[PDB]
Every structure is written in C-alpha cells, then in structure tokens.
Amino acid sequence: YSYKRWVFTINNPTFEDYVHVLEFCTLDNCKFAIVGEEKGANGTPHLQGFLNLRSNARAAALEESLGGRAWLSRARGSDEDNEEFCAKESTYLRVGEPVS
C-alpha cells in the first residue's frame, strides 16, 4: 500500500506546514511536483498540490513528510491534469516536469 502519485491539500497552513512542503517538494524526492497557494478573501487559505514521487510512499509516511495536517488522495488525473489545475493558483511552486 505504497504509491508514487498523490494529491494533497493543507488547509490553514502553518509555518511548519510550509517548511515541510519546502523541504520535501524537491527533485531529490519527486519526478514532478506542483504546489499552489491560495489565501484570498472568502475562503480557507490552502496549499494544494500534486506529487509524482521517485519512491513509493505509504500514506502515513507521506503525511509525516508533509507536516501532519494534509489531506491525501491517490492521484486520479495525469501529471499534466494536475499541472493545469494547480497552475491556476495565484502562486505556485513547480519542480521538474510532468510525466506522461
């Protein structure tokens, strides 16, 4: 039950949430990663992203890697589907290139 391709959301992200995302979402760990940040007026601020990991991870392990407050789900769309969705966010961090 360990997988490479995941989506995640971190609602009301904390300092440590950002620190975990910044250290983990790197080319060392990911073939491709994209993480958007939205914190506008009438909604809960979030980090929201997609990870195509180099190594399989069990959900409990990825949860720890992302700071322990993340919602996780096995990715259902393609890397490019996720790139297009997350790149709509007003700020985003993009690591690597989508795999097809």
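Heads up: residue numbers just count along the shown sequence, starting at 1.
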Requested in this report: Identify the stretch, either 66-74 or 22-30, whose C-alpha atoms have the larger mean B-factor according to the entry.
Outcome: 22-30
Query raised in the report: In terms of the chain's CA B-factor thirds, is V99 lowest, middle or highest?
Result: highest
**Report entry** Ranked against its chain, the third holding the CA B-factor of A41
**Finding:** highest
Report task. Grab the CA temperature factor for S90 from the record and place it in the lowest, middle or highest third of its chain. Result -> highest
Query raised in the report: Split the chain's modelled residues into thirds by Cα B-factor; is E16 in the lowest, middle or highest one?
Result: middle
Report summary line: For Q48, the third of its chain by CA B-factor is the lowest
